[PDB]
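Below is one structure; the comments refer to it alone.
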Amino acid sequence: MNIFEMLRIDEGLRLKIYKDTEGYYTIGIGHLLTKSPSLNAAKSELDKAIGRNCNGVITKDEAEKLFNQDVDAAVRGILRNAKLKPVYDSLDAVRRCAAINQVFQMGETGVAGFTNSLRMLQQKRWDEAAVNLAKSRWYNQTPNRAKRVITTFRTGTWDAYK
Ligand SMILES: OCCOc1ccccc1
């Protein structure tokens, strides 16, 4: 297991434009296109992302290209965030994956605001952090995934991803 295999499980792979769990146009391995309800706006974002006229459809190679960019961008975002960087750097590699997973799904600005969870994670109070992480919209809206990510934060193992 690694961050790519983890997010591949959590996000799936679809080659045609679809709506994510929040109802937003997405493609590939959880590549959010736009929050616009206009399919044409999503198609424009897709074509811009891929660099050709896609007509709402991409290849597996293209999906994987966006995925690598998105994972990279998530990590670099964490590293430039003054609240997230020290916590991220305090973690072991497996728990870092859980952190990347959350940021990939929820975005950096929101996650940087989870002040109490962040503190518990930096303190390595794992069971407390796990309890705190579940007290969230995130957990309520995507509980199966959140349980996996939380187990990863709690244990520093890949037990939830087998
Ligand atoms: O909800 C707690 C998120 O924990 C993180 C820790 C480090 C970087 C990003 C997230």
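Going through the structure tokens in order, the chains are called A, B, and so on, while each chain numbers its residues from 1 and the ligands are numbered from 1 in the order shown.
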
Can you tell me which residues come within 10 Å of ligand 1 when counting only C-alpha atoms and all ligand atoms, ideally as a PDB file with C-alpha atoms, in the first residue's frame?
ATOM      1  CA  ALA A  74      -2.080  18.045  -2.297  1.00  0.00           C
ATOM      2  CA  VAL A  75       1.308  17.344  -0.676  1.00  0.00           C
ATOM      3  CA  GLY A  77      -0.217  22.456  -0.483  1.00  0.00           C
ATOM      4  CA  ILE A  78       0.266  20.841   2.923  1.00  0.00           C
ATOM      5  CA  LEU A  79       3.954  21.797   2.881  1.00  0.00           C
ATOM      6  CA  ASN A  81       0.512  25.675   4.898  1.00  0.00           C
ATOM      7  CA  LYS A  83      -0.727  25.126  10.261  1.00  0.00           C
ATOM      8  CA  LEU A  84      -0.452  21.805   8.407  1.00  0.00           C
ATOM      9  CA  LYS A  85       3.292  21.547   7.736  1.00  0.00           C
ATOM     10  CA  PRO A  86       4.508  21.056  11.341  1.00  0.00           C
ATOM     11  CA  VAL A  87       1.827  18.399  11.971  1.00  0.00           C
ATOM     12  CA  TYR A  88       2.578  16.635   8.695  1.00  0.00           C
ATOM     13  CA  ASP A  89       6.308  16.636   9.424  1.00  0.00           C
ATOM     14  CA  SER A  90       5.621  15.207  12.899  1.00  0.00           C
ATOM     15  CA  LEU A  91       3.916  12.118  11.424  1.00  0.00           C
ATOM     16  CA  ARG A  95      -0.160   8.575   8.885  1.00  0.00           C
ATOM     17  CA  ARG A  96       1.106  11.141   6.352  1.00  0.00           C
ATOM     18  CA  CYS A  97      -0.942   9.203   3.774  1.00  0.00           C
ATOM     19  CA  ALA A  98      -4.076   9.610   5.879  1.00  0.00           C
ATOM     20  CA  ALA A  99      -3.366  13.363   5.988  1.00  0.00           C
ATOM     21  CA  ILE A 100      -2.892  13.573   2.219  1.00  0.00           C
ATOM     22  CA  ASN A 101      -6.116  11.596   1.731  1.00  0.00           C
ATOM     23  CA  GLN A 102      -8.153  14.099   3.803  1.00  0.00           C
ATOM     24  CA  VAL A 103      -6.643  17.097   2.011  1.00  0.00           C
ATOM     25  CA  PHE A 104      -7.257  15.475  -1.398  1.00  0.00           C
ATOM     26  CA  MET A 106     -11.697  18.168   1.583  1.00  0.00           C
ATOM     27  CA  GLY A 107      -9.189  20.807   0.494  1.00  0.00           C
ATOM     28  CA  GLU A 108      -6.399  22.500   2.436  1.00  0.00           C
ATOM     29  CA  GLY A 110     -10.893  23.495   5.602  1.00  0.00           C
ATOM     30  CA  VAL A 111      -8.483  20.860   6.933  1.00  0.00           C
ATOM     31  CA  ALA A 112      -6.078  23.554   8.240  1.00  0.00           C
ATOM     32  CA  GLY A 113      -9.005  24.676  10.422  1.00  0.00           C
ATOM     33  CA  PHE A 114      -9.400  21.345  12.236  1.00  0.00           C
ATOM     34  CA  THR A 115      -7.299  22.813  15.030  1.00  0.00           C
ATOM     35  CA  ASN A 116      -8.110  20.359  17.814  1.00  0.00           C
ATOM     36  CA  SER A 117      -7.596  17.247  15.668  1.00  0.00           C
ATOM     37  CA  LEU A 118      -4.306  18.652  14.407  1.00  0.00           C
ATOM     38  CA  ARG A 119      -3.089  19.286  17.964  1.00  0.00           C
ATOM     39  CA  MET A 120      -3.978  15.750  19.076  1.00  0.00           C
ATOM     40  CA  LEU A 121      -2.199  14.307  16.033  1.00  0.00           C
ATOM     41  CA  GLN A 122       0.964  16.334  16.720  1.00  0.00           C
ATOM     42  CA  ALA A 129      -7.451  12.226  17.671  1.00  0.00           C
ATOM     43  CA  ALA A 130      -9.487   9.387  16.145  1.00  0.00           C
ATOM     44  CA  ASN A 132     -12.161  13.928  17.373  1.00  0.00           C
ATOM     45  CA  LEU A 133     -11.862  13.191  13.650  1.00  0.00           C
ATOM     46  CA  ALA A 134     -15.249  11.429  13.647  1.00  0.00           C
ATOM     47  CA  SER A 136     -17.341  15.964  11.668  1.00  0.00           C
ATOM     48  CA  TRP A 138     -16.801  14.581   6.772  1.00  0.00           C
ATOM     49  CA  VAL A 149      -8.784   7.109   7.024  1.00  0.00           C
ATOM     50  CA  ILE A 150      -9.309   7.396  10.801  1.00  0.00           C
ATOM     51  CA  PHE A 153      -4.447   7.910  11.596  1.00  0.00           C
TER      52      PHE A 153
END

Quiz item: Neighbours of residue A:16 within 9 Å (only C-alpha atoms; same-chain residues fewer than 5 positions away dropped), as a list in words?
Solution: residues 26, 27, 28, 56, 57 and 58 of chain A

Practice problem: Determine, counting only C-alpha atoms, which protein, DNA and RNA residues have an atom within 8 Å of an atom of residue A:46; residues of the same chain fewer than 4 positions away are not included. Present the result as a ChimeraX atom specification. | Solution: /A:33,42,50,54,56

Quiz prompt | Those in stretch 15-148 of chain A with helix (DSSP H, G or I) from DSSP, as a ChimeraX atom specification | solution = /A:39-50,60-80,84-90,93-106,108-111,115-122,126-134,137-141,143-148

Quiz prompt | DSSP-assigned strand (DSSP E or B) among chain A, expressed as a ChimeraX atom specification | solution = /A:14-19,25-28,31-32,57

Exercise. Counting only C-alpha atoms, figure out which residue out of A:82, A:3, A:146, A:131 gets nearest to residue A:94.
Key: A:3

Quiz prompt | Nearest residue to residue A:25 from the set A:93, A:39, A:160, A:13 (distances using only C-alpha atoms) | solution = A:39
